[PDB]
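Coordinates as given in model_13.cif (mmCIF, C-alpha atoms and all ligand atoms):
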```
data_data
loop_
_atom_site.group_PDB
_atom_site.id
_atom_site.type_symbol
_atom_site.label_atom_id
_atom_site.label_comp_id
_atom_site.auth_asym_id
_atom_site.auth_seq_id
_atom_site.Cartn_x
_atom_site.Cartn_y
_atom_site.Cartn_z
ATOM 1 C CA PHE C 1 2.792 -18.918 -5.420
ATOM 2 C CA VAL C 2 0.635 -15.992 -4.319
ATOM 3 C CA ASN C 3 2.155 -15.858 -0.855
ATOM 4 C CA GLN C 4 5.594 -15.013 -2.357
ATOM 5 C CA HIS C 5 3.880 -12.591 -4.714
ATOM 6 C CA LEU C 6 2.314 -10.694 -1.801
ATOM 7 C CA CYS C 7 5.498 -10.809 0.268
ATOM 8 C CA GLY C 8 7.501 -9.471 -2.676
ATOM 9 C CA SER C 9 5.188 -6.474 -2.953
ATOM 10 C CA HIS C 10 6.038 -5.522 0.611
ATOM 11 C CA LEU C 11 9.715 -6.240 0.035
ATOM 12 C CA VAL C 12 9.927 -3.790 -2.859
ATOM 13 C CA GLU C 13 8.126 -1.165 -0.723
ATOM 14 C CA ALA C 14 10.647 -1.717 2.063
ATOM 15 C CA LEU C 15 13.597 -1.549 -0.310
ATOM 16 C CA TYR C 16 12.229 1.679 -1.813
ATOM 17 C CA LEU C 17 12.376 3.246 1.659
ATOM 18 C CA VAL C 18 15.698 1.657 2.657
ATOM 19 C CA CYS C 19 17.791 1.974 -0.454
ATOM 20 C CA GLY C 20 16.731 5.540 -1.161
ATOM 21 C CA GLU C 21 19.089 7.243 -3.608
ATOM 22 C CA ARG C 22 21.128 4.037 -4.086
ATOM 23 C CA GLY C 23 18.344 2.262 -5.971
ATOM 24 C CA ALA C 24 17.804 -1.494 -6.186
ATOM 25 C CA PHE C 25 17.437 -4.632 -8.368
ATOM 26 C CA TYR C 26 14.464 -6.928 -7.896
ATOM 27 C CA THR C 27 13.244 -10.026 -9.723
ATOM 28 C CA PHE H 1 10.217 16.401 -3.355
ATOM 29 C CA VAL H 2 7.704 14.330 -1.325
ATOM 30 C CA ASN H 3 5.157 14.712 -4.161
ATOM 31 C CA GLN H 4 7.489 12.677 -6.317
ATOM 32 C CA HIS H 5 8.472 10.569 -3.302
ATOM 33 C CA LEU H 6 4.948 9.244 -2.744
ATOM 34 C CA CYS H 7 4.448 8.853 -6.481
ATOM 35 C CA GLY H 8 7.616 6.739 -6.585
ATOM 36 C CA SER H 9 6.193 4.430 -3.893
ATOM 37 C CA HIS H 10 3.205 3.792 -6.113
ATOM 38 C CA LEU H 11 5.401 3.463 -9.190
ATOM 39 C CA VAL H 12 7.473 0.663 -7.630
ATOM 40 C CA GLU H 13 4.275 -1.132 -6.592
ATOM 41 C CA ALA H 14 2.931 -0.800 -10.120
ATOM 42 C CA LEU H 15 6.175 -1.989 -11.737
ATOM 43 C CA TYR H 16 6.307 -4.956 -9.394
ATOM 44 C CA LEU H 17 2.977 -6.127 -10.812
ATOM 45 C CA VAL H 18 3.574 -5.144 -14.420
ATOM 46 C CA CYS H 19 7.061 -6.557 -14.782
ATOM 47 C CA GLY H 20 6.169 -9.957 -13.354
ATOM 48 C CA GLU H 21 9.022 -12.446 -13.511
ATOM 49 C CA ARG H 22 11.108 -9.996 -15.547
ATOM 50 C CA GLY H 23 11.824 -7.892 -12.507
ATOM 51 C CA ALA H 24 13.232 -4.395 -12.697
ATOM 52 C CA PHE H 25 16.013 -2.001 -11.763
ATOM 53 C CA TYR H 26 14.916 1.146 -9.897
ATOM 54 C CA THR H 27 16.896 4.207 -8.832
ATOM 55 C CA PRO H 28 15.497 7.741 -8.229
ATOM 56 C CA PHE E 1 6.641 -17.201 8.481
ATOM 57 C CA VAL E 2 6.196 -13.452 7.920
ATOM 58 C CA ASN E 3 2.397 -13.552 7.976
ATOM 59 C CA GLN E 4 2.079 -11.529 11.184
ATOM 60 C CA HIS E 5 4.499 -8.978 9.745
ATOM 61 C CA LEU E 6 2.635 -8.601 6.474
ATOM 62 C CA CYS E 7 -0.716 -8.454 8.241
ATOM 63 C CA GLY E 8 0.594 -5.799 10.630
ATOM 64 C CA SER E 9 1.478 -3.600 7.681
ATOM 65 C CA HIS E 10 -2.132 -3.702 6.457
ATOM 66 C CA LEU E 11 -3.389 -3.317 10.017
ATOM 67 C CA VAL E 12 -1.649 -0.016 10.647
ATOM 68 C CA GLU E 13 -2.962 1.253 7.286
ATOM 69 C CA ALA E 14 -6.467 0.385 8.357
ATOM 70 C CA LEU E 15 -5.986 1.909 11.813
ATOM 71 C CA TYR E 16 -4.718 5.096 10.230
ATOM 72 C CA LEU E 17 -7.987 5.449 8.323
ATOM 73 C CA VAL E 18 -10.194 4.443 11.208
ATOM 74 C CA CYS E 19 -8.633 6.566 13.860
ATOM 75 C CA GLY E 20 -8.867 9.693 11.725
ATOM 76 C CA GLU E 21 -7.899 12.844 13.620
ATOM 77 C CA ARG E 22 -7.929 10.863 16.877
ATOM 78 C CA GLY E 23 -4.650 9.184 15.965
ATOM 79 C CA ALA E 24 -3.534 5.916 17.466
ATOM 80 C CA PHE E 25 -1.011 3.960 19.470
ATOM 81 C CA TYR E 26 0.367 0.748 17.969
ATOM 82 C CA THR E 27 3.067 -1.576 19.163
ATOM 83 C CA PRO E 28 3.763 -5.123 17.856
ATOM 84 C CA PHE Y 1 -5.882 18.391 3.378
ATOM 85 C CA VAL Y 2 -6.066 15.152 1.397
ATOM 86 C CA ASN Y 3 -2.416 15.390 0.399
ATOM 87 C CA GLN Y 4 -1.385 15.402 4.105
ATOM 88 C CA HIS Y 5 -3.808 12.547 4.635
ATOM 89 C CA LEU Y 6 -2.276 10.379 1.875
ATOM 90 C CA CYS Y 7 1.192 11.287 3.110
ATOM 91 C CA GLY Y 8 0.337 10.157 6.655
ATOM 92 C CA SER Y 9 -0.749 6.764 5.390
ATOM 93 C CA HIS Y 10 2.637 6.283 3.868
ATOM 94 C CA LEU Y 11 4.335 7.616 7.007
ATOM 95 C CA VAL Y 12 2.577 5.019 9.138
ATOM 96 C CA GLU Y 13 3.562 2.207 6.765
ATOM 97 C CA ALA Y 14 7.150 3.360 6.897
ATOM 98 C CA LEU Y 15 7.092 3.789 10.655
ATOM 99 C CA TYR Y 16 5.729 0.292 11.020
ATOM 100 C CA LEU Y 17 8.844 -1.059 9.221
ATOM 101 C CA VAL Y 18 11.228 1.369 10.952
ATOM 102 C CA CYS Y 19 9.957 1.254 14.499
ATOM 103 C CA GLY Y 20 9.259 -2.484 14.466
ATOM 104 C CA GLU Y 21 8.872 -3.992 17.944
ATOM 105 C CA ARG Y 22 9.157 -0.561 19.533
ATOM 106 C CA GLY Y 23 5.786 0.516 18.178
ATOM 107 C CA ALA Y 24 4.786 4.128 17.765
ATOM 108 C CA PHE Y 25 2.435 6.982 18.528
ATOM 109 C CA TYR Y 26 0.802 8.756 15.584
ATOM 110 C CA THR Y 27 -1.123 12.045 15.551
ATOM 111 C CA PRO Y 28 -3.158 13.300 12.547
ATOM 112 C CA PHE J 1 -9.747 -15.739 6.589
ATOM 113 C CA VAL J 2 -7.018 -13.168 7.153
ATOM 114 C CA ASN J 3 -4.952 -14.277 4.178
ATOM 115 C CA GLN J 4 -7.973 -13.830 1.920
ATOM 116 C CA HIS J 5 -8.514 -10.318 3.250
ATOM 117 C CA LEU J 6 -4.884 -9.397 2.564
ATOM 118 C CA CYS J 7 -4.972 -10.940 -0.890
ATOM 119 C CA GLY J 8 -8.167 -8.954 -1.616
ATOM 120 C CA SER J 9 -6.390 -5.734 -0.648
ATOM 121 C CA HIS J 10 -3.683 -6.398 -3.240
ATOM 122 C CA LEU J 11 -6.231 -7.490 -5.879
ATOM 123 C CA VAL J 12 -8.137 -4.214 -5.542
ATOM 124 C CA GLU J 13 -4.873 -2.313 -5.870
ATOM 125 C CA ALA J 14 -3.973 -4.305 -8.950
ATOM 126 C CA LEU J 15 -7.405 -3.873 -10.535
ATOM 127 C CA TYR J 16 -7.300 -0.152 -9.831
ATOM 128 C CA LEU J 17 -4.190 0.054 -11.984
ATOM 129 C CA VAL J 18 -5.205 -2.407 -14.706
ATOM 130 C CA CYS J 19 -8.790 -1.279 -15.161
ATOM 131 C CA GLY J 20 -7.952 2.434 -15.419
ATOM 132 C CA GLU J 21 -10.814 4.551 -16.743
ATOM 133 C CA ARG J 22 -13.089 1.528 -17.098
ATOM 134 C CA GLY J 23 -13.436 1.045 -13.356
ATOM 135 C CA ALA J 24 -14.593 -2.149 -11.732
ATOM 136 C CA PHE J 25 -17.147 -3.874 -9.535
ATOM 137 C CA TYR J 26 -15.657 -5.746 -6.533
ATOM 138 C CA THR J 27 -17.851 -7.962 -4.348
ATOM 139 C CA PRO J 28 -16.366 -10.358 -1.819
ATOM 140 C CA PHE B 1 -3.938 13.869 -13.171
ATOM 141 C CA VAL B 2 -1.289 12.001 -11.202
ATOM 142 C CA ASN B 3 -2.502 13.395 -7.855
ATOM 143 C CA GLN B 4 -6.047 12.210 -8.619
ATOM 144 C CA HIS B 5 -4.586 8.809 -9.568
ATOM 145 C CA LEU B 6 -2.723 8.502 -6.295
ATOM 146 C CA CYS B 7 -5.832 9.620 -4.374
ATOM 147 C CA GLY B 8 -7.997 7.006 -6.120
ATOM 148 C CA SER B 9 -5.556 4.266 -5.120
ATOM 149 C CA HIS B 10 -6.071 5.161 -1.479
ATOM 150 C CA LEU B 11 -9.829 5.617 -1.975
ATOM 151 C CA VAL B 12 -10.277 2.062 -3.266
ATOM 152 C CA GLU B 13 -8.231 0.716 -0.340
ATOM 153 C CA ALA B 14 -10.469 2.720 2.025
ATOM 154 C CA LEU B 15 -13.643 1.422 0.375
ATOM 155 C CA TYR B 16 -12.300 -2.158 0.481
ATOM 156 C CA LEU B 17 -12.148 -1.814 4.277
ATOM 157 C CA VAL B 18 -15.295 0.228 4.865
ATOM 158 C CA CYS B 19 -17.593 -1.657 2.488
ATOM 159 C CA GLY B 20 -16.720 -5.159 3.704
ATOM 160 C CA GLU B 21 -19.058 -7.878 2.396
ATOM 161 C CA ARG B 22 -21.172 -5.392 0.483
ATOM 162 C CA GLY B 23 -18.408 -4.662 -1.988
ATOM 163 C CA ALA B 24 -18.290 -1.594 -4.156
ATOM 164 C CA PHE B 25 -18.588 -0.165 -7.657
ATOM 165 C CA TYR B 26 -15.716 2.146 -8.584
ATOM 166 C CA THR B 27 -16.101 4.377 -11.628
ATOM 167 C CA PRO B 28 -13.455 7.136 -12.124
ATOM 168 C CA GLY Q 1 -2.173 -8.080 21.525
ATOM 169 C CA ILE Q 2 -3.371 -6.630 18.242
ATOM 170 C CA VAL Q 3 -1.450 -8.956 15.934
ATOM 171 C CA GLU Q 4 -2.928 -11.684 18.094
ATOM 172 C CA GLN Q 5 -6.404 -10.271 17.727
ATOM 173 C CA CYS Q 6 -6.586 -8.659 14.306
ATOM 174 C CA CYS Q 7 -4.139 -10.818 12.340
ATOM 175 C CA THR Q 8 -5.706 -14.022 13.590
ATOM 176 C CA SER Q 9 -9.192 -12.965 12.458
ATOM 177 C CA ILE Q 10 -10.338 -9.899 10.550
ATOM 178 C CA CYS Q 11 -11.289 -7.113 12.907
ATOM 179 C CA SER Q 12 -14.463 -5.102 12.485
ATOM 180 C CA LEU Q 13 -14.236 -1.315 12.311
ATOM 181 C CA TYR Q 14 -15.395 -1.291 15.963
ATOM 182 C CA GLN Q 15 -12.574 -3.640 16.953
ATOM 183 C CA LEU Q 16 -10.065 -1.517 15.047
ATOM 184 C CA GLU Q 17 -11.343 1.566 16.911
ATOM 185 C CA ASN Q 18 -9.911 -0.003 20.067
ATOM 186 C CA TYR Q 19 -6.460 1.177 19.001
ATOM 187 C CA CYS Q 20 -7.432 4.827 18.584
ATOM 188 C CA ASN Q 21 -6.405 7.515 21.061
ATOM 189 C CA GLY N 1 17.337 -14.944 -2.734
ATOM 190 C CA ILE N 2 15.575 -12.123 -0.889
ATOM 191 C CA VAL N 3 12.351 -14.145 -1.009
ATOM 192 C CA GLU N 4 13.973 -17.228 0.531
ATOM 193 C CA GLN N 5 15.600 -15.060 3.204
ATOM 194 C CA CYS N 6 13.003 -12.367 3.918
ATOM 195 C CA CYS N 7 9.680 -14.074 3.196
ATOM 196 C CA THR N 8 10.389 -17.014 5.558
ATOM 197 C CA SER N 9 11.470 -14.845 8.490
ATOM 198 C CA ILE N 10 11.375 -11.079 9.054
ATOM 199 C CA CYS N 11 14.360 -9.199 7.647
ATOM 200 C CA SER N 12 15.821 -6.279 9.579
ATOM 201 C CA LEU N 13 16.592 -2.989 7.832
ATOM 202 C CA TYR N 14 20.211 -4.100 7.913
ATOM 203 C CA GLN N 15 19.464 -7.387 6.119
ATOM 204 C CA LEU N 16 17.301 -5.565 3.604
ATOM 205 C CA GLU N 17 20.088 -3.122 2.687
ATOM 206 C CA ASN N 18 22.178 -5.984 1.275
ATOM 207 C CA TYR N 19 19.835 -5.959 -1.724
ATOM 208 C CA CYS N 20 20.393 -2.249 -2.420
ATOM 209 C CA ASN N 21 22.945 -1.093 -4.975
ATOM 210 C CA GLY I 1 -14.581 -15.292 -8.076
ATOM 211 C CA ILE I 2 -11.339 -13.317 -8.298
ATOM 212 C CA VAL I 3 -10.251 -14.333 -4.791
ATOM 213 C CA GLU I 4 -10.624 -18.045 -5.582
ATOM 214 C CA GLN I 5 -8.952 -17.593 -8.986
ATOM 215 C CA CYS I 6 -6.090 -15.317 -7.934
ATOM 216 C CA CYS I 7 -5.158 -15.912 -4.270
ATOM 217 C CA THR I 8 -3.358 -19.226 -4.601
ATOM 218 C CA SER I 9 -1.870 -19.096 -8.106
ATOM 219 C CA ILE I 10 -0.768 -15.686 -9.408
ATOM 220 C CA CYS I 11 -3.016 -13.960 -11.937
ATOM 221 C CA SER I 12 -1.380 -12.273 -14.890
ATOM 222 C CA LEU I 13 -2.292 -8.844 -16.198
ATOM 223 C CA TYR I 14 -4.517 -10.482 -18.778
ATOM 224 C CA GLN I 15 -6.314 -12.491 -16.142
ATOM 225 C CA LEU I 16 -6.850 -9.504 -13.895
ATOM 226 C CA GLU I 17 -8.158 -7.419 -16.788
ATOM 227 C CA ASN I 18 -11.002 -9.929 -17.138
ATOM 228 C CA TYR I 19 -12.477 -8.466 -13.934
ATOM 229 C CA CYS I 20 -12.584 -4.851 -15.190
ATOM 230 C CA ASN I 21 -15.787 -3.137 -16.260
ATOM 231 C CA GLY M 1 4.990 17.693 13.323
ATOM 232 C CA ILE M 2 5.905 14.667 11.235
ATOM 233 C CA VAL M 3 3.632 16.035 8.497
ATOM 234 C CA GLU M 4 5.419 19.385 8.153
ATOM 235 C CA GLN M 5 8.764 17.602 8.206
ATOM 236 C CA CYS M 6 8.126 14.546 6.048
ATOM 237 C CA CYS M 7 5.309 15.468 3.706
ATOM 238 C CA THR M 8 7.112 18.497 2.263
ATOM 239 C CA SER M 9 10.564 16.836 2.112
ATOM 240 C CA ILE M 10 11.691 13.175 2.027
ATOM 241 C CA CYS M 11 12.331 11.664 5.440
ATOM 242 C CA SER M 12 14.848 8.826 5.665
ATOM 243 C CA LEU M 13 14.288 5.812 7.918
ATOM 244 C CA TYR M 14 16.709 7.551 10.321
ATOM 245 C CA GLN M 15 14.621 10.756 10.325
ATOM 246 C CA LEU M 16 11.471 8.599 10.693
ATOM 247 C CA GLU M 17 12.765 6.709 13.740
ATOM 248 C CA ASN M 18 12.600 10.001 15.638
ATOM 249 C CA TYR M 19 8.848 9.412 15.747
ATOM 250 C CA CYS M 20 9.000 5.892 17.163
ATOM 251 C CA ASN M 21 8.683 4.720 20.693
ATOM 252 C CA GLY D 1 -18.061 11.158 -8.116
ATOM 253 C CA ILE D 2 -15.973 9.947 -5.164
ATOM 254 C CA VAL D 3 -12.838 11.514 -6.640
ATOM 255 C CA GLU D 4 -14.438 14.962 -6.801
ATOM 256 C CA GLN D 5 -15.859 14.504 -3.319
ATOM 257 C CA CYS D 6 -12.855 13.096 -1.452
ATOM 258 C CA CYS D 7 -9.569 14.075 -3.123
ATOM 259 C CA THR D 8 -9.183 17.635 -1.798
ATOM 260 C CA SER D 9 -10.948 17.441 1.552
ATOM 261 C CA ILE D 10 -10.775 14.256 3.610
ATOM 262 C CA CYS D 11 -13.857 12.089 3.490
ATOM 263 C CA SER D 12 -14.993 10.383 6.664
ATOM 264 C CA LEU D 13 -15.748 6.674 6.857
ATOM 265 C CA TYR D 14 -19.418 7.624 6.865
ATOM 266 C CA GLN D 15 -18.981 9.657 3.685
ATOM 267 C CA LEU D 16 -17.019 6.842 2.064
ATOM 268 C CA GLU D 17 -19.642 4.285 3.010
ATOM 269 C CA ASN D 18 -21.910 6.145 0.553
ATOM 270 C CA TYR D 19 -19.982 4.501 -2.277
ATOM 271 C CA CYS D 20 -20.510 0.932 -1.108
ATOM 272 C CA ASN D 21 -23.102 -0.927 -3.170
ATOM 273 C CA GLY T 1 13.467 8.863 -15.941
ATOM 274 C CA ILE T 2 10.312 7.087 -14.848
ATOM 275 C CA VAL T 3 9.538 9.770 -12.246
ATOM 276 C CA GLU T 4 9.776 12.523 -14.864
ATOM 277 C CA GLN T 5 7.616 10.522 -17.276
ATOM 278 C CA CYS T 6 5.062 9.002 -14.927
ATOM 279 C CA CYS T 7 4.616 11.470 -12.066
ATOM 280 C CA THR T 8 3.793 14.346 -14.386
ATOM 281 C CA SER T 9 1.258 12.332 -16.350
ATOM 282 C CA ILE T 10 -0.332 8.931 -15.689
ATOM 283 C CA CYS T 11 1.586 6.185 -17.432
ATOM 284 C CA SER T 12 -0.370 3.409 -19.030
ATOM 285 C CA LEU T 13 0.453 -0.210 -18.245
ATOM 286 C CA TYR T 14 2.384 -0.233 -21.525
ATOM 287 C CA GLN T 15 4.374 2.878 -20.603
ATOM 288 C CA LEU T 16 5.215 1.419 -17.205
ATOM 289 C CA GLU T 17 6.379 -1.785 -18.828
ATOM 290 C CA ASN T 18 9.129 0.245 -20.513
ATOM 291 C CA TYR T 19 10.937 0.221 -17.185
ATOM 292 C CA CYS T 20 10.990 -3.540 -16.697
ATOM 293 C CA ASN T 21 14.179 -5.488 -17.296
HETATM 294 CL CL CL C 101 0.057 -9.452 2.377
HETATM 295 CL CL CL C 102 0.024 9.187 -2.338
HETATM 296 ZN ZN ZN C 103 0.085 -7.306 1.773
HETATM 297 ZN ZN ZN C 104 -0.063 7.038 -1.779
#
```

Would you mind giving the structure from this file in structure tokens?
Ligand SMILES: [Cl-]
Ligand SMILES: [Cl-]
Ligand SMILES: [Zn+2]
Ligand SMILES: [Zn+2]
Amino acid sequence: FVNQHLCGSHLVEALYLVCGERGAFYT
Amino acid sequence: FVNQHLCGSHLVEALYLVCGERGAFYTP
Amino acid sequence: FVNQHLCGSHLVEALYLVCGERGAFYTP
Amino acid sequence: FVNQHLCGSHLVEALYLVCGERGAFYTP
Amino acid sequence: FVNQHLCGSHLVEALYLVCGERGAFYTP
Amino acid sequence: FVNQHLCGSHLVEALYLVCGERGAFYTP
Amino acid sequence: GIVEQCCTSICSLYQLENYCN
Amino acid sequence: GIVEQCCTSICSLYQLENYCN
Amino acid sequence: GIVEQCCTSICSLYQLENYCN
Amino acid sequence: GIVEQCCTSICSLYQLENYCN
Amino acid sequence: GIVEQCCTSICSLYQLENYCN
Amino acid sequence: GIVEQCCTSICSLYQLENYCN
């Protein structure tokens, strides 16, 4: 589903800002 | 380090696309 | 749905370009 | 400066997420 | 439609990365 | 070359907005 | 508002200019 | 998942941090 | 075009590369 | 300005919020 | 090209519009 | 790390894919 694909792009951008030095997992 | 900071933003965006359903682990 | 939220993200990017040195005010 | 320009674009994106319903002023 | 515009934004970003030195032609 | 890469990413986003229905030809 | 206006239908550059200082 | 939670309604910074390490 | 092909079902890297010069 | 602060060094969401309304 | 023209000094929308087909 | 490898020089798609799970 493209809508989840596009949302996920913004989610990883947000997590990049939020998690900072902690890092993250994403699938 | 903002040079690297902005690059990292683009890197995560690129990995998101490249990795597809595999996903990734990211930590600066 | 998060459509408004995702759109808003693109909107402020576009406004940043458009407004140039003028700058802008944005509130959702 | 283009590097300040690119940086500002990212700042606005970030501020959009951070500031949320409060909105923001931005000055290039 | 708005969703199409947003999708297009991401497609151009994706093609920028995938096409590399080859470049591209994008026409809505 | 990374700074030029990052710049190009923002340039194609800018052109996507500015060019509208005309579209664009991007050659590095 | 602006979400109302520009996330309902794509705004022209002129319409986006509305939000500039 | 984060998609089920944060793509169906807007996630706060607080909710988003639960997917950090 | 690419919007019709790629904005409902996700396009892979291979599929996107088809649109390169 | 936000540029001198956050384009030369990384600004956290907490440092960024200083520039909100 | 556009990269030479617009990656050290900021190009205006007018300048960028030069690269539309 | 990926920043050292890919912010000093442009990583190809294949180089980026090294950092997938
Ligand atoms: Cl989107
Ligand atoms: Cl950048
Ligand atoms: Zn988007
Ligand atoms: Zn950037």

Would you compute the box with edges along x, y and z of the file around region 6-21 of chain D, including every atom the file lists for it and 6 Å extra on each side, and give its centre and edge lengths in Å to one decimal, as AutoDock Vina command-line options?
```
--center_x -16.1 --center_y 8.4 --center_z 1.8 --size_x 25.9 --size_y 30.6 --size_z 22.0
```

**Asked** On this structure, which residues satisfy the PyMOL selection byres (((chain E and resi 22) around 8) and not hetatm), written as a PyMOL selection string?
**Response** (chain E and resi 19-21+23-24) or (chain Y and resi 27-28) or (chain Q and resi 20-21)

**Request:** Write down, as a list in words, each residue of chain J that has any atom within 10 Å of an atom of chain H, counting all atoms listed in the file.
**Result:**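 Listing them in order of chain and number gives residues 13, 14, 17 and 18 of chain J.
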
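Computed from the coordinates, the CA of residue 4 (chain C) to CA of residue 14 (chain M) distance equals 28.2 Å.
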
**Message:** I need the chain C residues near chain J as JSON, numbers by chain; criterion: at most 9 Å, counting all atoms listed in the file.
**Reply:** {"C": [2, 3, 6, 9]}

What would chain E look like once superposed on chain B, with the fit done by least squares over all C-alpha atoms paired in order? Give it as a PDB file with C-alpha atoms, in the frame of the given file.
```
ATOM      1  CA  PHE E   1      -0.770  15.970 -12.525  1.00  0.00           C
ATOM      2  CA  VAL E   2      -1.428  12.422 -11.280  1.00  0.00           C
ATOM      3  CA  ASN E   3      -2.952  13.504  -7.970  1.00  0.00           C
ATOM      4  CA  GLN E   4      -6.431  12.193  -8.786  1.00  0.00           C
ATOM      5  CA  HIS E   5      -4.872   8.903  -9.872  1.00  0.00           C
ATOM      6  CA  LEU E   6      -2.825   8.480  -6.718  1.00  0.00           C
ATOM      7  CA  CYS E   7      -5.743   9.496  -4.522  1.00  0.00           C
ATOM      8  CA  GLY E   8      -8.022   7.028  -6.308  1.00  0.00           C
ATOM      9  CA  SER E   9      -5.648   4.218  -5.427  1.00  0.00           C
ATOM     10  CA  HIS E  10      -5.969   5.040  -1.717  1.00  0.00           C
ATOM     11  CA  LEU E  11      -9.702   5.588  -2.124  1.00  0.00           C
ATOM     12  CA  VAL E  12     -10.429   2.103  -3.406  1.00  0.00           C
ATOM     13  CA  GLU E  13      -8.318   0.674  -0.555  1.00  0.00           C
ATOM     14  CA  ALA E  14     -10.420   2.580   1.922  1.00  0.00           C
ATOM     15  CA  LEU E  15     -13.671   1.580   0.212  1.00  0.00           C
ATOM     16  CA  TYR E  16     -12.606  -2.043   0.308  1.00  0.00           C
ATOM     17  CA  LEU E  17     -12.309  -1.855   4.093  1.00  0.00           C
ATOM     18  CA  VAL E  18     -15.461   0.150   4.599  1.00  0.00           C
ATOM     19  CA  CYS E  19     -17.733  -1.832   2.389  1.00  0.00           C
ATOM     20  CA  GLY E  20     -16.760  -5.104   4.045  1.00  0.00           C
ATOM     21  CA  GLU E  21     -18.867  -8.037   2.859  1.00  0.00           C
ATOM     22  CA  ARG E  22     -21.233  -5.603   1.124  1.00  0.00           C
ATOM     23  CA  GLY E  23     -18.697  -4.999  -1.634  1.00  0.00           C
ATOM     24  CA  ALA E  24     -18.727  -1.926  -3.810  1.00  0.00           C
ATOM     25  CA  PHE E  25     -18.986  -0.380  -7.238  1.00  0.00           C
ATOM     26  CA  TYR E  26     -16.283   2.074  -8.305  1.00  0.00           C
ATOM     27  CA  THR E  27     -15.663   3.790 -11.589  1.00  0.00           C
ATOM     28  CA  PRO E  28     -13.312   6.770 -12.195  1.00  0.00           C
TER      29      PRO E  28
END
```

Show me, as a PDB file with C-alpha atoms, in the coordinates of the input, the residues of chain N whose atoms get within 8 Å of chain C, using all atoms listed in the file for the distance check.
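Below you can see selection37.pdb, which holds the result:
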```
ATOM      1  CA  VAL N   3      12.351 -14.145  -1.009  1.00  0.00           C
ATOM      2  CA  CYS N   6      13.003 -12.367   3.918  1.00  0.00           C
ATOM      3  CA  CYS N   7       9.680 -14.074   3.196  1.00  0.00           C
ATOM      4  CA  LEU N  13      16.592  -2.989   7.832  1.00  0.00           C
ATOM      5  CA  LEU N  16      17.301  -5.565   3.604  1.00  0.00           C
ATOM      6  CA  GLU N  17      20.088  -3.122   2.687  1.00  0.00           C
ATOM      7  CA  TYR N  19      19.835  -5.959  -1.724  1.00  0.00           C
ATOM      8  CA  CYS N  20      20.393  -2.249  -2.420  1.00  0.00           C
ATOM      9  CA  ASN N  21      22.945  -1.093  -4.975  1.00  0.00           C
TER      10      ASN N  21
END
```

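The two atoms in question, CA of residue 8 (chain Q) and CA of residue 4 (chain I), are spaced 20.2 Å apart.
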
**Asked** Mind pulling up the distance from CA of residue 18 (chain Q) to CA of residue 18 (chain M)?
**Response** 25.0 Å
